[PDB]
Every structure is written in C-alpha cells, then in structure tokens.
>>> print(open('entry_7.txt').read())   # compact mmCIF, C-alpha atoms
# COMPACT_ATOMS: atom_id res chain seq x y z
CA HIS A 25 85.55 91.81 77.80
CA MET A 26 84.99 90.66 81.46
CA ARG A 27 83.65 93.81 83.31
CA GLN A 28 82.42 97.04 81.77
CA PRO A 29 82.97 100.71 82.51
CA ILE A 30 86.73 101.17 83.01
CA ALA A 31 88.47 104.44 83.81
CA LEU A 32 92.00 105.36 82.81
CA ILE A 33 93.44 108.33 84.69
CA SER A 34 96.29 110.60 83.52
CA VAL A 35 96.10 113.84 85.55
CA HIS A 36 98.84 115.15 83.27
CA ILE A 53 99.96 110.35 75.08
CA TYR A 54 100.15 107.00 76.86
CA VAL A 55 96.56 106.97 78.10
CA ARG A 56 94.87 108.52 75.05
CA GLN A 57 96.33 105.91 72.73
CA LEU A 58 95.84 103.00 75.13
CA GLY A 59 92.14 103.67 75.78
CA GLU A 60 91.31 103.99 72.08
CA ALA A 61 93.05 100.71 71.24
CA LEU A 62 91.39 99.13 74.29
CA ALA A 63 87.95 100.26 73.09
CA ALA A 64 88.70 98.87 69.62
CA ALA A 65 89.03 95.50 71.39
CA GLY A 66 85.62 96.13 73.00
CA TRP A 67 86.32 97.89 76.31
CA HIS A 68 84.09 100.74 77.45
CA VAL A 69 86.75 103.36 78.31
CA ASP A 70 86.49 106.75 80.05
CA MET A 71 89.89 108.51 80.21
CA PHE A 72 90.28 111.43 82.66
CA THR A 73 92.85 114.23 82.51
CA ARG A 74 92.88 117.75 83.91
CA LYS A 75 91.64 120.82 82.09
CA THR A 76 94.42 123.20 81.11
CA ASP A 77 92.32 126.00 79.55
CA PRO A 78 88.90 127.49 80.48
CA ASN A 79 87.86 126.95 76.84
CA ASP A 80 88.70 123.23 77.03
CA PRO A 81 85.81 120.89 76.17
CA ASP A 82 84.57 118.73 79.04
CA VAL A 83 84.05 115.51 77.08
CA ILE A 84 85.76 114.50 73.84
CA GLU A 85 84.13 111.45 72.28
CA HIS A 86 86.44 109.23 70.24
CA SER A 87 83.98 106.36 69.63
CA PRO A 88 80.59 105.11 71.01
CA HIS A 89 82.34 103.59 74.03
CA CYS A 90 85.54 105.68 74.24
CA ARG A 91 85.88 109.28 75.43
CA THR A 92 88.24 111.68 77.21
CA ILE A 93 86.83 113.66 80.15
CA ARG A 94 88.65 116.86 81.16
CA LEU A 95 88.13 117.75 84.80
CA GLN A 96 88.50 121.18 86.32
CA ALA A 97 91.05 120.47 89.04
CA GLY A 98 93.28 123.38 89.94
CA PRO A 99 94.11 126.30 87.65
CA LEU A 100 92.80 126.27 84.08
CA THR A 101 96.34 126.49 82.70
CA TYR A 102 99.22 124.19 81.78
CA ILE A 103 100.89 122.99 84.98
CA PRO A 104 104.00 120.78 84.73
CA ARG A 105 104.14 117.47 86.58
CA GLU A 106 106.47 118.85 89.29
CA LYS A 107 103.72 121.30 90.37
CA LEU A 108 100.69 119.01 90.01
CA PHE A 109 100.67 117.23 93.40
CA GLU A 110 98.80 120.05 95.16
CA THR A 111 95.94 119.86 92.58
CA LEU A 112 95.17 116.14 93.22
CA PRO A 113 92.56 116.47 96.03
CA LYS A 114 90.52 118.55 93.58
CA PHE A 115 91.07 115.97 90.82
CA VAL A 116 89.86 113.27 93.21
CA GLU A 117 86.65 115.22 93.98
CA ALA A 118 85.95 115.93 90.30
CA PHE A 119 86.51 112.28 89.40
CA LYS A 120 84.26 111.08 92.22
CA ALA A 121 81.27 112.70 90.47
CA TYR A 122 81.85 110.32 87.52
CA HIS A 123 82.73 107.32 89.69
CA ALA A 124 79.55 107.97 91.71
CA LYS A 125 77.43 107.17 88.61
CA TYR A 126 79.57 104.85 86.47
CA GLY A 127 80.93 102.74 89.34
CA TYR A 128 84.10 101.75 87.39
CA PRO A 129 85.10 98.20 88.47
CA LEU A 130 88.61 98.81 87.13
CA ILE A 131 90.63 102.00 87.29
CA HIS A 132 94.02 102.20 85.56
CA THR A 133 96.22 105.10 86.74
CA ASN A 134 99.18 106.57 84.85
CA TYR A 135 102.33 108.00 86.49
CA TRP A 136 102.73 108.33 90.26
CA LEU A 137 100.60 111.52 90.43
CA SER A 138 97.51 109.82 89.01
CA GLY A 139 98.45 106.92 91.29
CA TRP A 140 97.94 109.06 94.38
CA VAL A 141 94.44 109.58 93.01
CA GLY A 142 94.10 105.82 92.62
CA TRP A 143 95.48 105.28 96.12
CA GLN A 144 92.94 107.70 97.63
CA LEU A 145 90.12 106.05 95.68
CA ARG A 146 91.16 102.51 96.67
CA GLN A 147 91.00 103.51 100.34
CA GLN A 148 87.28 104.27 99.92
CA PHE A 149 86.09 101.88 97.21
CA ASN A 150 86.59 98.29 96.02
CA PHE A 151 87.87 98.20 92.44
CA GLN A 152 90.61 96.50 90.45
CA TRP A 153 93.45 99.04 90.46
CA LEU A 154 96.24 98.85 87.89
CA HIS A 155 99.03 101.37 87.68
CA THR A 156 101.56 102.09 84.95
CA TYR A 157 104.97 103.28 86.23
CA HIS A 158 107.20 105.81 84.47
CA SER A 159 110.60 107.22 85.32
CA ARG A 174 109.25 116.41 96.03
CA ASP A 175 111.46 113.33 95.85
CA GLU A 176 110.32 112.57 99.40
CA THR A 177 106.66 112.73 98.38
CA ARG A 178 107.15 110.74 95.18
CA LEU A 179 108.98 107.89 96.92
CA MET A 180 106.43 107.54 99.73
CA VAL A 181 103.54 107.62 97.26
CA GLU A 182 105.25 105.20 94.87
CA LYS A 183 105.74 102.77 97.77
CA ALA A 184 102.07 103.09 98.75
CA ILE A 185 101.01 102.35 95.17
CA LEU A 186 103.25 99.29 94.82
CA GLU A 187 101.89 97.95 98.12
CA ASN A 188 98.17 98.42 97.47
CA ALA A 189 97.60 98.28 93.71
CA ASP A 190 96.62 94.94 92.22
CA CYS A 191 99.23 95.27 89.48
CA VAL A 192 101.92 97.79 88.51
CA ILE A 193 102.97 97.95 84.85
CA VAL A 194 106.59 98.75 83.94
CA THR A 195 107.52 99.72 80.40
CA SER A 196 111.11 98.43 80.28
CA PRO A 197 113.41 96.19 82.32
CA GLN A 198 115.54 99.22 83.15
CA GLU A 199 112.64 100.96 84.91
CA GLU A 200 111.78 97.68 86.67
CA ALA A 201 115.40 97.55 87.79
CA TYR A 202 115.20 101.12 89.07
CA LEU A 203 111.95 100.48 90.95
CA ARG A 204 113.35 97.44 92.73
CA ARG A 205 116.69 99.15 93.48
CA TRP A 206 115.55 102.56 94.62
CA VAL A 207 111.83 102.46 95.47
CA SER A 208 110.57 99.11 96.74
CA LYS A 209 110.60 95.36 96.12
CA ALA A 210 106.93 95.10 97.07
CA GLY A 211 103.99 94.54 94.74
CA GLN A 212 103.34 92.74 91.46
CA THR A 213 104.98 94.28 88.38
CA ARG A 214 104.32 93.21 84.79
CA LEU A 215 106.26 94.11 81.64
CA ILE A 216 104.25 95.89 78.97
CA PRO A 217 106.93 97.50 76.84
CA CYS A 218 107.03 101.00 75.42
CA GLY A 219 106.16 100.98 71.73
CA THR A 220 104.11 102.34 68.86
CA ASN A 221 101.92 99.22 68.38
CA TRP A 222 98.95 100.17 70.56
CA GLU A 223 96.81 97.28 69.38
CA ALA A 224 99.45 94.91 70.78
CA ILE A 225 99.73 96.84 74.05
CA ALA A 226 95.95 96.93 74.52
CA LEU A 227 95.70 93.17 73.97
CA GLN A 228 98.26 92.53 76.70
CA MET A 229 96.58 95.07 79.01
CA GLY A 230 93.14 93.64 78.28
CA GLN A 231 94.42 90.20 79.25
CA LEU A 232 95.67 91.55 82.57
CA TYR A 233 92.29 93.19 83.21
CA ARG A 234 90.53 89.87 82.65
CA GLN A 235 93.05 88.03 84.83
CA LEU A 236 92.35 90.52 87.64
CA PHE A 237 88.58 90.16 87.22
CA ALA A 238 88.66 86.34 87.24
CA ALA A 239 90.79 86.27 90.41
CA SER A 240 87.62 87.34 92.32
CA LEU A 241 87.67 83.81 93.77
>>> encode(input="entry_7.txt", output="structure tokens")
Amino acid sequence: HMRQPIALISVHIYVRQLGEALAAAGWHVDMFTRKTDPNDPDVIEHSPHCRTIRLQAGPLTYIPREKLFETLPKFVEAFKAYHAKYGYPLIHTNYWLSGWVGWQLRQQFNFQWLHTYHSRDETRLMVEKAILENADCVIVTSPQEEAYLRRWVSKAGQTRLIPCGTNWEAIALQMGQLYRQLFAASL
C-alpha cells in the first residue's frame, strides 16, 4: 500500500513475524537485526518483497539487550548503507534500543518513524522520552504498558494500542492502516 520500501529495525520474534505478515498484505519489507555469529548469512529472503538483513554491528556474538547500547553507532552506520540506496520512507523501530537508531536517523533524514514500545535506567528513560517526543507514532502492546509509559516515562507523543497476540495477519492489518494514515497526513 501507500509508499514502498519500508524498514523494520530490531537490533536485538516481534519484527520477523510482523514484516512477513505485512509483506503478505503487499508491503515491501526489509527487516534489520544484528549479526550474532561470523557465519551468519547477510540476507535471508522470506519472499520476493520480504527479507531479513543481518548487519555486522559490534561483536559477532550473542549480546543481551542490557549490553547492546554501545553497539548502536555501528548499527546506525551499517544501516545507513542500505538506507542510502533504498531511501525507506517509513522506518519502524522495535524496543528502545532500536529506537535510538531511529532517533539518530530521524535527526538526519525525513521519514515516517513508528516505534513499538516494550517493557542504564538513566539512559533508557532519556532515550524513551526522546522517542516519544519525536516519533510520529509509538505503539504499545497492552494498556498496562501504556499506563507504565504515562506514569513513569512521559505523557508526550502519540501512542496507539496494537495488542500482543499470535494473529499476525490481524496485527499487520492494523499496522498497515497506521502506515497509510501517516503517509496521507503529508498535507
């Protein structure tokens, strides 16, 4: 629908399943995550318009989320080689760490930026505030996490409820609709 090459970013199963259901509905989807082994493949094609791209960004090993922040400037540089060619009009970031990447990108480029929230503290809170303030839309997966965000992080920004679940077709349809809403708001 609406506008073509979209990028989902998950530095660290939410994104993999979303992008495949999105592409089933017709979106051209490139999903980016980090490499965690030097024998990892660079591109995994799932369908003619859906693939996962694994970027070398920090050590070629499994790094847990609580140690990933320092790898993000490298993830931004690796991603910028793909964004330099594909020019993604929409980028959808997953978890606050990928959102830092989205935040850095949005400071340099003009794209529709959506972010999905999920539930060191000093860094996370400042970054989560920056994302809420500058992203076009932040997705929460339950009222309880929306309640937490508004209580403990910030009241700023636009949040939308797309609930946790195992029906990825349904989720993708709701996400797709948001994408198109964002794109039409160009006026």
>>> residues_around(input="entry_7.txt", residues="range 83-91 of chain A", least_positions_apart="6", cutoff="7 Å", atoms="only C-alpha atoms", output="number ranges by chain")
A: 60, 63, 68-71
>>> closest_residue(input="entry_7.txt", among="A:217, A:29, A:211, A:78", to="residue 95 in chain A", atoms="all atoms listed in the file")
A:78
>>> closest_residue(input="entry_7.txt", among="A:93, A:147, A:216, A:103", to="residue 56 in chain A", atoms="only C-alpha atoms")
A:93
>>> closest_residue(input="entry_7.txt", among="A:222, A:157, A:237, A:109", to="residue 202 in chain A", atoms="only C-alpha atoms")
A:157
>>> atom_distance(input="entry_7.txt", atom1="CA of residue 131 in chain A", atom2="CA of residue 219 in chain A")
22.0 Å
>>> atom_distance(input="entry_7.txt", atom1="CA of residue 67 in chain A", atom2="CA of residue 191 in chain A")
18.6 Å
>>> atom_distance(input="entry_7.txt", atom1="CA of residue 218 in chain A", atom2="CA of residue 137 in chain A")
19.4 Å
>>> closest_residue(input="entry_7.txt", among="A:129, A:98, A:113, A:142", to="residue 77 in chain A", atoms="only C-alpha atoms")
A:98
>>> closest_residue(input="entry_7.txt", among="A:186, A:35, A:145, A:238", to="residue 105 in chain A", atoms="all atoms listed in the file")
A:35
>>> decode(input="entry_7.txt", residues="range 212-240 of chain A", atoms="N, CA, C and O atoms", output="PDB file, in the first residue's frame")
ATOM      1  N   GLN A 212       2.222  10.436  20.593  1.00  0.00           N
ATOM      2  CA  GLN A 212       1.014   9.714  20.214  1.00  0.00           C
ATOM      3  C   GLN A 212       1.268   8.219  20.367  1.00  0.00           C
ATOM      4  O   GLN A 212       2.177   7.675  19.734  1.00  0.00           O
ATOM      5  N   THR A 213       0.490   7.566  21.225  1.00  0.00           N
ATOM      6  CA  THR A 213       0.531   6.124  21.394  1.00  0.00           C
ATOM      7  C   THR A 213      -0.714   5.500  20.774  1.00  0.00           C
ATOM      8  O   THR A 213      -1.793   6.098  20.776  1.00  0.00           O
ATOM      9  N   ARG A 214      -0.559   4.291  20.241  1.00  0.00           N
ATOM     10  CA  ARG A 214      -1.677   3.538  19.687  1.00  0.00           C
ATOM     11  C   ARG A 214      -1.589   2.106  20.184  1.00  0.00           C
ATOM     12  O   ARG A 214      -0.490   1.560  20.304  1.00  0.00           O
ATOM     13  N   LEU A 215      -2.747   1.503  20.454  1.00  0.00           N
ATOM     14  CA  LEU A 215      -2.816   0.153  21.003  1.00  0.00           C
ATOM     15  C   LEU A 215      -2.852  -0.845  19.861  1.00  0.00           C
ATOM     16  O   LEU A 215      -3.831  -0.897  19.112  1.00  0.00           O
ATOM     17  N   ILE A 216      -1.799  -1.641  19.738  1.00  0.00           N
ATOM     18  CA  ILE A 216      -1.795  -2.818  18.880  1.00  0.00           C
ATOM     19  C   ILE A 216      -1.400  -4.012  19.737  1.00  0.00           C
ATOM     20  O   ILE A 216      -0.221  -4.211  20.041  1.00  0.00           O
ATOM     21  N   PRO A 217      -2.365  -4.820  20.162  1.00  0.00           N
ATOM     22  CA  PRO A 217      -2.132  -5.721  21.293  1.00  0.00           C
ATOM     23  C   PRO A 217      -1.271  -6.918  20.929  1.00  0.00           C
ATOM     24  O   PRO A 217      -1.294  -7.421  19.805  1.00  0.00           O
ATOM     25  N   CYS A 218      -0.480  -7.341  21.915  1.00  0.00           N
ATOM     26  CA  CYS A 218       0.237  -8.606  21.848  1.00  0.00           C
ATOM     27  C   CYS A 218      -0.707  -9.731  21.446  1.00  0.00           C
ATOM     28  O   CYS A 218      -1.844  -9.802  21.921  1.00  0.00           O
ATOM     29  N   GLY A 219      -0.241 -10.603  20.557  1.00  0.00           N
ATOM     30  CA  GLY A 219      -1.049 -11.745  20.166  1.00  0.00           C
ATOM     31  C   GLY A 219      -0.337 -12.599  19.142  1.00  0.00           C
ATOM     32  O   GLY A 219       0.749 -12.265  18.659  1.00  0.00           O
ATOM     33  N   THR A 220      -0.979 -13.720  18.819  1.00  0.00           N
ATOM     34  CA  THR A 220      -0.461 -14.692  17.866  1.00  0.00           C
ATOM     35  C   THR A 220      -1.150 -14.619  16.503  1.00  0.00           C
ATOM     36  O   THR A 220      -0.928 -15.497  15.661  1.00  0.00           O
ATOM     37  N   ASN A 221      -1.989 -13.612  16.271  1.00  0.00           N
ATOM     38  CA  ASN A 221      -2.648 -13.430  14.973  1.00  0.00           C
ATOM     39  C   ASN A 221      -1.937 -12.293  14.246  1.00  0.00           C
ATOM     40  O   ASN A 221      -2.354 -11.133  14.294  1.00  0.00           O
ATOM     41  N   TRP A 222      -0.867 -12.652  13.529  1.00  0.00           N
ATOM     42  CA  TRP A 222      -0.009 -11.655  12.896  1.00  0.00           C
ATOM     43  C   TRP A 222      -0.656 -11.033  11.670  1.00  0.00           C
ATOM     44  O   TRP A 222      -0.394  -9.866  11.363  1.00  0.00           O
ATOM     45  N   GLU A 223      -1.513 -11.769  10.966  1.00  0.00           N
ATOM     46  CA  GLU A 223      -2.317 -11.119   9.935  1.00  0.00           C
ATOM     47  C   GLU A 223      -3.101  -9.941  10.516  1.00  0.00           C
ATOM     48  O   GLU A 223      -3.078  -8.835   9.965  1.00  0.00           O
ATOM     49  N   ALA A 224      -3.792 -10.152  11.646  1.00  0.00           N
ATOM     50  CA  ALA A 224      -4.567  -9.053  12.221  1.00  0.00           C
ATOM     51  C   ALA A 224      -3.664  -7.883  12.583  1.00  0.00           C
ATOM     52  O   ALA A 224      -3.958  -6.729  12.253  1.00  0.00           O
ATOM     53  N   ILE A 225      -2.551  -8.169  13.265  1.00  0.00           N
ATOM     54  CA  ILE A 225      -1.638  -7.110  13.682  1.00  0.00           C
ATOM     55  C   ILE A 225      -1.155  -6.310  12.477  1.00  0.00           C
ATOM     56  O   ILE A 225      -1.189  -5.072  12.471  1.00  0.00           O
ATOM     57  N   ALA A 226      -0.734  -7.011  11.426  1.00  0.00           N
ATOM     58  CA  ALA A 226      -0.204  -6.347  10.241  1.00  0.00           C
ATOM     59  C   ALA A 226      -1.247  -5.451   9.587  1.00  0.00           C
ATOM     60  O   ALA A 226      -0.921  -4.370   9.086  1.00  0.00           O
ATOM     61  N   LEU A 227      -2.509  -5.887   9.578  1.00  0.00           N
ATOM     62  CA  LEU A 227      -3.566  -5.053   9.017  1.00  0.00           C
ATOM     63  C   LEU A 227      -3.725  -3.761   9.803  1.00  0.00           C
ATOM     64  O   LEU A 227      -3.908  -2.686   9.218  1.00  0.00           O
ATOM     65  N   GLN A 228      -3.677  -3.845  11.131  1.00  0.00           N
ATOM     66  CA  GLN A 228      -3.762  -2.625  11.932  1.00  0.00           C
ATOM     67  C   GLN A 228      -2.520  -1.755  11.743  1.00  0.00           C
ATOM     68  O   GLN A 228      -2.625  -0.528  11.622  1.00  0.00           O
ATOM     69  N   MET A 229      -1.338  -2.370  11.697  1.00  0.00           N
ATOM     70  CA  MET A 229      -0.112  -1.607  11.453  1.00  0.00           C
ATOM     71  C   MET A 229      -0.122  -0.972  10.065  1.00  0.00           C
ATOM     72  O   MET A 229       0.187   0.220   9.908  1.00  0.00           O
ATOM     73  N   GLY A 230      -0.457  -1.766   9.043  1.00  0.00           N
ATOM     74  CA  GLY A 230      -0.577  -1.225   7.702  1.00  0.00           C
ATOM     75  C   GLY A 230      -1.444   0.010   7.659  1.00  0.00           C
ATOM     76  O   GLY A 230      -1.080   1.013   7.042  1.00  0.00           O
ATOM     77  N   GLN A 231      -2.597  -0.039   8.341  1.00  0.00           N
ATOM     78  CA  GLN A 231      -3.507   1.101   8.356  1.00  0.00           C
ATOM     79  C   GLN A 231      -2.841   2.326   8.970  1.00  0.00           C
ATOM     80  O   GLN A 231      -3.017   3.449   8.486  1.00  0.00           O
ATOM     81  N   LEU A 232      -2.070   2.132  10.039  1.00  0.00           N
ATOM     82  CA  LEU A 232      -1.348   3.257  10.619  1.00  0.00           C
ATOM     83  C   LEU A 232      -0.364   3.837   9.612  1.00  0.00           C
ATOM     84  O   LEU A 232      -0.341   5.054   9.375  1.00  0.00           O
ATOM     85  N   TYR A 233       0.430   2.967   8.978  1.00  0.00           N
ATOM     86  CA  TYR A 233       1.360   3.412   7.945  1.00  0.00           C
ATOM     87  C   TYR A 233       0.655   4.323   6.943  1.00  0.00           C
ATOM     88  O   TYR A 233       1.088   5.452   6.687  1.00  0.00           O
ATOM     89  N   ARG A 234      -0.469   3.858   6.399  1.00  0.00           N
ATOM     90  CA  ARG A 234      -1.164   4.644   5.391  1.00  0.00           C
ATOM     91  C   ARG A 234      -1.679   5.958   5.965  1.00  0.00           C
ATOM     92  O   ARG A 234      -1.578   7.005   5.319  1.00  0.00           O
ATOM     93  N   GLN A 235      -2.213   5.926   7.185  1.00  0.00           N
ATOM     94  CA  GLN A 235      -2.604   7.157   7.868  1.00  0.00           C
ATOM     95  C   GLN A 235      -1.450   8.154   7.925  1.00  0.00           C
ATOM     96  O   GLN A 235      -1.608   9.331   7.577  1.00  0.00           O
ATOM     97  N   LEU A 236      -0.286   7.698   8.392  1.00  0.00           N
ATOM     98  CA  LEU A 236       0.908   8.541   8.420  1.00  0.00           C
ATOM     99  C   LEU A 236       1.220   9.123   7.045  1.00  0.00           C
ATOM    100  O   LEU A 236       1.492  10.322   6.912  1.00  0.00           O
ATOM    101  N   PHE A 237       1.205   8.278   6.012  1.00  0.00           N
ATOM    102  CA  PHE A 237       1.587   8.725   4.677  1.00  0.00           C
ATOM    103  C   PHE A 237       0.615   9.767   4.136  1.00  0.00           C
ATOM    104  O   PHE A 237       1.030  10.722   3.468  1.00  0.00           O
ATOM    105  N   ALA A 238      -0.681   9.594   4.410  1.00  0.00           N
ATOM    106  CA  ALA A 238      -1.685  10.519   3.892  1.00  0.00           C
ATOM    107  C   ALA A 238      -1.631  11.864   4.600  1.00  0.00           C
ATOM    108  O   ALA A 238      -1.945  12.898   3.996  1.00  0.00           O
ATOM    109  N   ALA A 239      -1.230  11.877   5.861  1.00  0.00           N
ATOM    110  CA  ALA A 239      -1.087  13.112   6.626  1.00  0.00           C
ATOM    111  C   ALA A 239      -0.015  14.053   6.063  1.00  0.00           C
ATOM    112  O   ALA A 239       0.213  15.070   6.725  1.00  0.00           O
ATOM    113  N   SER A 240       0.602  13.744   4.915  1.00  0.00           N
ATOM    114  CA  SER A 240       1.603  14.626   4.319  1.00  0.00           C
ATOM    115  C   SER A 240       1.084  16.051   4.159  1.00  0.00           C
ATOM    116  O   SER A 240       1.856  17.009   4.281  1.00  0.00           O
TER     117      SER A 240
END
